[PDB]
Structures are given as structure tokens and as C-alpha cells.
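Reviewing the structure listed below.
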Number of protein chains: 2
Amino acid sequence: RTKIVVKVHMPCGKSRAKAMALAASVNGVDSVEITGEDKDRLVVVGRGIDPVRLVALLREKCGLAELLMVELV
Amino acid sequence: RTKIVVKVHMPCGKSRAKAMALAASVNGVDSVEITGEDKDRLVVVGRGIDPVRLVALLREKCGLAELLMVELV
């Protein structure tokens with residue numbers, strides 16, 4: 001089990017939904033959540049997730065994204 | 001804040017990802033999670049989510065779905 005936290009440019013509900021649905025569509029994801037005071041942290045938990053590829057998809061579709069944490073759960 | 005639990009026909013990783021991404025795409029959703037021993041419970045948390053419409057979208061795209069719980073968080 002792996003937990004990944006990505007800071008994402010997502011300044012409205014529509015853009016939060018686009019990013020959440022992108023992360024949720026990666027095979028092996030069990031959980032996706034938006035957190036933080038600014039609602040700009042995407043938290044993804046699953047098995048067999050490549051963090052580098054996930055951040056690259058989010059950067060491509062949301063414009064800006066940065067990997068903040070990877071952690072075994 | 002509202003938490004919704006839907007039992008969904010999702011017997012593989014690909015079909016779990018399709019259902020998760022469908023729930024995540026609804027505006028106002030903050031969290032989506034797959035739970036249960038059989039990995040067949042979709043847990044959705046957010047604001048302003050219509051549970052009846054959510055279950056109807058999941059039924060249409062995954063084949064079978066049933067609302068199990070709605071709860072204020």
C-alpha cells in the first residue's frame with residue numbers, strides 16, 4: 001500500500017473534479033481525496049502506482065502539479 | 001458534509017477505476033474510496049451531492065449499483 005500527495009493547480013470545483021477523476025482512473029488506486037486549507041493537495045492511496053507518471057498526467061491535464069510525499073501505508 | 005455508500009458491481013481493477021472516476025467527477029466530491037472485503041463498496045464524501053442521481057450514473061455505467069447509506073459527516 002502506497003500513499004502519494006500531489007500539490008495540484010485546482011482553483012475551482014470543476015478542476016478539482018477533473019484532477020480527482022484522473023487519479024481515480026489509474027489502475028490500483030483505492031482512495032482519492034482533496035485536502036489542505038487551499039484544497040490543493042490530492043491524496044492518492046493504492047497499490048502499484050507509479051508516482052512519477054501520476055504527477056506527469058496531472059501536470060498535463062491540470063497545468064501544474066508537484067509531488068510532495070510518497071509513503072508506505 | 002455528506003457521506004454516501006454505494007454497493008457497485010466492480011469485479012476487476014479496471015471496473016473499480018471506472019466507478020471511482022465517475023464518482024470523483026461529480027462536482028462537490030472531496031473523497032472517493034473503495035472498501036469492503038469484496039471491494040464492492042464505493043464511499044463518496046462531499047457537499048451538495050444528490051445520492052439518487054449518483055447511484056443512477058453508477059448503475060448506468062457499471063451495470064448494477066445500490067444505495068446503502070447516506071449520512072451527515
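Each chain in the C-alpha cells gets a letter, A, B and so on, in the order shown; residues start at 1 in every chain, and ligands are counted from 1 in the order they appear.
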Counting only C-alpha atoms, which residues of chain B sit at most 6 Å from some atom of chain A, and what is each one's closest atom pair with its distance in Å to one decimal, listed by chain and rising residue number, as a tab-separated table?
```
residue	atom	partner	partner_atom	distance
B:13	CA	A:27	CA	5.9
B:17	CA	A:25	CA	4.7
B:20	CA	A:24	CA	5.6
B:21	CA	A:21	CA	4.2
B:24	CA	A:21	CA	4.9
B:25	CA	A:17	CA	4.7
B:27	CA	A:13	CA	5.9
B:30	CA	A:34	CA	5.4
B:31	CA	A:33	CA	4.3
B:32	CA	A:32	CA	5.5
B:33	CA	A:31	CA	4.3
B:34	CA	A:30	CA	5.4
```
Requested in this report: Might you pull out every residue within 12 Å of residue 52 (chain A), with only C-alpha atoms counted and same-chain residues fewer than 6 positions away left off, and present them as a count of residues only?
Outcome: 11
Report summary line: Taken to one decimal, the CA of residue 47 (chain B)-CA of residue 56 (chain A) distance is 28.7 Å
Report task. Please identify which residues in chain B DSSP calls alpha helix (DSSP H) from the backbone, and express them as a ChimeraX atom specification. Result -> /B:13-24,51-62
Query raised in the report: Could you work out how far CA of residue 53 (chain A) lies from CA of residue 54 (chain B), giving the answer in Å with one decimal?
Result: 29.4 Å
**Report entry** DSSP-assigned strand (DSSP E) members of region 9-67 of chain B, reported as a ChimeraX atom specification
**Finding:** /B:29-35,41-46,65-67
Report summary line: Expressed in Å, the length from CA of residue 3 (chain A) to CA of residue 72 (chain A) is 6.2 Å
